[PDB]
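**Student:** When you get a sec, could you give me coordinates for this:
(chains A, B, C, D, E, F, G, H, I and J, ligands or ions: 7)
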Amino acid sequence: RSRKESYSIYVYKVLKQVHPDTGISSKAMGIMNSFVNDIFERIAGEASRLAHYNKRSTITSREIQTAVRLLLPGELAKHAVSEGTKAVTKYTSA
Amino acid sequence: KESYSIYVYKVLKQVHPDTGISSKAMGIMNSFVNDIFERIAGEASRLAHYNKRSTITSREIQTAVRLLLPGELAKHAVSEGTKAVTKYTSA
Amino acid sequence: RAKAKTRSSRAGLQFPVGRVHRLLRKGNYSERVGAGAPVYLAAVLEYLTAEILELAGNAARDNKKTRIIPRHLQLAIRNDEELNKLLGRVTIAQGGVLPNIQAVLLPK
Amino acid sequence: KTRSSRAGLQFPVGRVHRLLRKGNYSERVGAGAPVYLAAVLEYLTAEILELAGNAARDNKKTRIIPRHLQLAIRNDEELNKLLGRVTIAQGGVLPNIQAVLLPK
Amino acid sequence: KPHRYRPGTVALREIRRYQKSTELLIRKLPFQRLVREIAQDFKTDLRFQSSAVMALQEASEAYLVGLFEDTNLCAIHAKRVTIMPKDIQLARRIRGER
Amino acid sequence: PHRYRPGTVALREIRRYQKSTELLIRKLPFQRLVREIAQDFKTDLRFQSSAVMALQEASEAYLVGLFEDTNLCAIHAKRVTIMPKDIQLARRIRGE
Amino acid sequence: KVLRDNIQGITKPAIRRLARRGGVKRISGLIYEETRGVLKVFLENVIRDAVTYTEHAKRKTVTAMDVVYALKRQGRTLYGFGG
Amino acid sequence: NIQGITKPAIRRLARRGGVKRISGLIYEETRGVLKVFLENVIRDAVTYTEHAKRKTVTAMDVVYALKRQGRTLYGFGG
DNA sequence: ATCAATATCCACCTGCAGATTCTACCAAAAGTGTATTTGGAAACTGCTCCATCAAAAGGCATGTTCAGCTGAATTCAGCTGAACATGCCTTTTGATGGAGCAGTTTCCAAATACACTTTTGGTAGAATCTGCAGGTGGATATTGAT
DNA sequence: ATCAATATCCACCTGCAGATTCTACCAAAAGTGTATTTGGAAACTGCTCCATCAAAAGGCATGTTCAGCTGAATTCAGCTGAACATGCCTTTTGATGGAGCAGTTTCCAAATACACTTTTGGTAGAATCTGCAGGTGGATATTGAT
Ligand SMILES: [Cl-]
Ligand SMILES: [Cl-]
Ligand SMILES: [Cl-]
Ligand SMILES: [Cl-]
Ligand SMILES: [Mn+2]
Ligand SMILES: [Mn+2]
Ligand SMILES: [Mn+2]
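**Tutor:** Residues are numbered from 1 along each chain as shown, chains lettered A, B, ... in the order given. Ligands and ions are numbered 1, 2, ... in the order given. The relevant structure is shown in the block below.
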């Protein structure tokens, strides 16, 4: 009766991009949903503290970036920072 | 800005009227009070959220204390907290 | 009167910028959220999801399956040094463990 | 006429309330929340100061220093657990030599 | 004459076999009774979503398997091949569990 | 000429340093080490003195705690001597 | 009917299987009781918090999310049970 | 400069840790372990420094860095 | 197990350095009083799922026997690490000079908030599609040997 | 370096339980307009830290000697793994009743808002107070010799 939201259709779209003829089981989709929620909270929680430490009332893409650098290992952080920067510059041109 | 020093000091004079505390030790107590404040407030924040509530009440503080503190510390804490709220509400 | 285009399509993303924004605002993270914040965040969640699905998809093809299951996810993460670090305190339900027998235990 | 005085507390209720409102924890804060919280903080503080005071008089000093806080916490099973991941600066460690290392 | 594998041979096959699979290794109904018994001692008349028991079982087994891995390292370190309570105890102590 | 037996001075030292709380690493060499590591991240960094001191407090407590675990690993192997393999077991079980 | 002694239902063969997954080749006879006590402490700790969340929510039913939050609190994040 | 962490200082740390006898290989092993530790903490502390657009690492930066890593240091606040 | 000779520890003592307290001012928190709004507790109620039961099949726990090989104990040597003496040098600590940071304030353009209205992407079931769970048999590898 | 006995590998086959695709309703993004906030370019100022220098004070580096710890070798008792039979109880799957999630509504106790007034904690010099940096001698432990 009630609407239950989740990241499933987005995980699925990214799945078709990387492996067009590969599917995913429902348990495996539940694992990906947990993964997306977990990283969301980690980054958002770090960004919150960063703003609070710096007496800022606003979380901007800059806090997100620093959170990513604090949370992700090595080359993952680099590629994440690249994708995030690209998406923001692209969006702003729109 | 601020610290808990004068409050820590007042409580020291309550349990040990003749004992003092060094500056470095007062600094450790300040970190202690800040650390626990944050642990409880954060848990209380998460509790309200999970339950789709926009308000942190004394009930969230209590449950957060029960989640965070061990055993007998939890029991006395919950007592001190309920006692203060009851004394406050009638006053 | 303008015709709607989603923030995700503007950002060139698959993940939902609008939802991530709402989730940032409703989560008590800060009083205000900049316009670029949910875009950058969505792009990062999308990138990480891609990385994991890439490797797990590879693990499924290796044991001859067309469908990713939790095992392939676990193989993907634990055989990757950065994913393993990131998810070092995470339990994957129905993940099992990497095959690994200490040498001293094998027969002479 | 302070909220702290109404609640019978030494710890600052008005301050704890401000800190709760400003720390992004929820949109609203109940009237009882900062009273209950201040009383828990005061109580935990008294517990440690009682034990650290005892620890100080036992090594014959009148003034608590970080060593005494560490002795207090590490010798108490519930505080040790609460503060298991905490480093007390200038605290040192509990004297403790594994039995197998001693002579005879 | 009747065939007999040497001690250790069959154990190694079991290691390979269970490290290959992902199924729960504790019988489900006895685990459920255990979870109910313990929860009941915290508050009476509790019910469980079926998936809440299964979450407890996934988490428990993952914990125990991870601990046996660490226990196995402590036993090998002492130049044994047999795990003993002192190995579990060393593992939990260094983990900060005890 | 007078000579303590092996292990007697060592036990005397354990008792001395478990009683005391002073930092055990020399301050300047440590300050130098922290500055070097930091430069590979950003070259014009300054440090508050209390910031170098937080790093030293944190570092020493970390190493002392690690030596406790290391010592338990050595003892477990019926040794009284800590070895790199004990350090490694300890860090491995810790998740380092 | 009264639930009693259900830790004893975690059998020696199940404990052996778990150790096998953990790479263990030989097992002392004292390990089985030791493991039962360790599992009990673990489950007590997780279930205690999950029920605390259940009570706070004023429910009589423990949910998977109560268990997920309890596990999260204790530094053991579990994936696959959110929805 | 890691070498400036001397065998005697490392011996003292082990003594506080309750250690009676010490292998000669321990000293190099310990230097690498400390190095890894300090890299990780200083890397994050500096990240907080940069985010604030400061050029000076503060004690609070180090405290935040240590916290991020599951180590809470008391006495330097804040 | 004593004894004497040695080396180090550790109570005890006490002036004075520097911690603590006193003296005093004052923004900014905290409190008050009053006016309004509103989150959420109560009281329902429908509809999921949870508890419970049961049979039947057979999977798997349990119990037993027995011997391989492991842990425990003992003995012994070489070689490493502890204890020193020796003397050369790195660290402490105590100042100085001065620049180059942070921390404040003001003040508008640029950014974000948020209510209302349109529009459509996301969800829930329904309808289809189809990997692969299971249930085979055979090929191939491994094991332990008389 | 064969053989017999076992277990494991590893395709094959195919209906159906589970995954995917489709459809339609509608909740929530999106577009718009306008009210608030905010972060920042400027323009200051006073702490801080960095750089440098030098006098000694401990503290480290070094080499030698040898106590004794580690690791290898060896031996043996008994524990734990492997293999069986037996039969208990888990697993399946299927049905049923109903507790109690959730979804909805109504409406106050309890929250936020805001103007105005007092109180107080932070702050910094000055004034006093008293723990401890050191400096012992005696107390305590340790050692080699009997
Ligand atoms: Cl932004
Ligand atoms: Cl309240
Ligand atoms: Cl044992
Ligand atoms: Cl080694
Ligand atoms: Mn019971
Ligand atoms: Mn309402
Ligand atoms: Mn005052």
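
**Student:** CA atoms for contacts and neighbours, from now on please.
**Tutor:** Fine.

**Student:** so what's the spatially most central residue of chain E up against?
**Tutor:** Most central in chain E under CA atoms, centre = their mean is residue E:64, positioned 3.7 Å from the mean C-alpha point. Applying CA atoms under 8 Å, 6 or more residues apart in numbering or on different chains, we find residue E:64 in contact with G:18, G:19, G:39.

**Student:** Looking at those, which is nearest chain C?
**Tutor:** For the contacts of residue E:64, the closest approach to chain C (CA to the nearest CA) belongs to residue G:18, at 10.7 Å.

**Student:** Pretty sure the closest one sits against residue E:63.
**Tutor:** No - using CA atoms under 8 Å, residue G:18 is not in contact with residue E:63, being 9.9 Å away.

**Student:** out of these two, which sits in the more crowded spot?
**Tutor:** residue G:18 (26 against 17; other CA atoms under 10 Å in any protein chain shown).

**Student:** I'd like the secondary structure assignment at the more buried one, please.
**Tutor:** Three-state call for residue G:18 (DSSP: H, G, I helix; E, B strand; the rest coil): helix.

**Student:** Give me the distance between the spatially most central residue of chain A and residue C:38.
**Tutor:** Relative to the mean C-alpha position of chain A, the nearest C-alpha, by CA atoms, centre = their mean, is the one of residue A:40, at 5.6 Å. Here residue A:40 is placed at a distance of 10 Å from residue C:38 (CA to CA, to the nearest Å).

**Student:** so can I have JSON lines of the contacts of residue E:64 showing distance to residue A:54?
**Tutor:** Converted to JSON lines, the contacts of residue E:64 look like this (distance: CA to CA, whole Å):
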{"residue": "G:18", "distance to residue A:54": "48"}
{"residue": "G:19", "distance to residue A:54": "49"}
{"residue": "G:39", "distance to residue A:54": "44"}
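
**Student:** so which of the residues you listed comes closest to residue C:108?
**Tutor:** Nearest to residue C:108 among those is residue G:19, at 22.3 Å by CA to CA.

**Student:** so what's that closest one up against?
**Tutor:** For residue G:19, the contacting residues are E:64, E:65, E:68, E:69, by CA under 8 Å, 6+ apart.

**Student:** How about residue E:15?
**Tutor:** Residue E:15 touches C:101, G:20, G:21, G:22, G:23, G:24, G:25, counting by CA under 8 Å, 6+ apart.

**Student:** same check, this time on residue G:82
**Tutor:** Shown in contact with residue G:82 (CA under 8 Å, 6+ apart): A:30, A:33, A:34, G:64, G:65, G:68.

**Student:** Surely the last one forms part of a strand?
**Tutor:** Same thing as residue G:68. No - going by three-state DSSP, the assignment for residue G:68 is helix, not a strand.

**Student:** re the thing from before, narrow the contacts of residue G:82 to those that are buried.
**Tutor:** Those of these that meet the buried threshold are A:30, A:33, A:34, G:64, G:65, G:68, by 16 or more other CA atoms under 10 Å in any protein chain shown.

**Student:** circling back to that earlier point, three-state assignment of the residue nearest to the centre of chain E?
**Tutor:** Counting by three-state DSSP, the backbone at residue E:64 sits in helix.

**Student:** Compute the number of surrounding residues for the residue in chain E that chain C sits nearest to.
**Tutor:** Proximity of chain E to chain C (CA to the nearest CA) peaks at residue E:22, 4.3 Å away. Neighbour count for residue E:22, taken as other CA under 10 Å: 15.

**Student:** What about residue C:59, how many residues nearby?
**Tutor:** Around residue C:59 there are 20 residues (other CA under 10 Å).

**Student:** phi, psi of residue G:78?
**Tutor:** phi -110, psi 130 (degrees, to the nearest 10).

**Student:** Could you dump the contacts of residue G:82 into CSV and include distance to residue C:66 and secondary structure?
**Tutor:** Listed next are these as CSV, based on distance: CA to CA, whole Å; DSSP: H, G, I helix; E, B strand; the rest coil:
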residue, distance to residue C:66, secondary structure
A:30, 18, helix
A:33, 20, helix
A:34, 22, helix
G:64, 29, helix
G:65, 30, helix
G:68, 30, helix
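
**Student:** For those residues, work out which two are farthest apart.
**Tutor:** Maximum distance among the contacts of residue G:82 (CA to CA): 14.8 Å, for A:33 and G:64.
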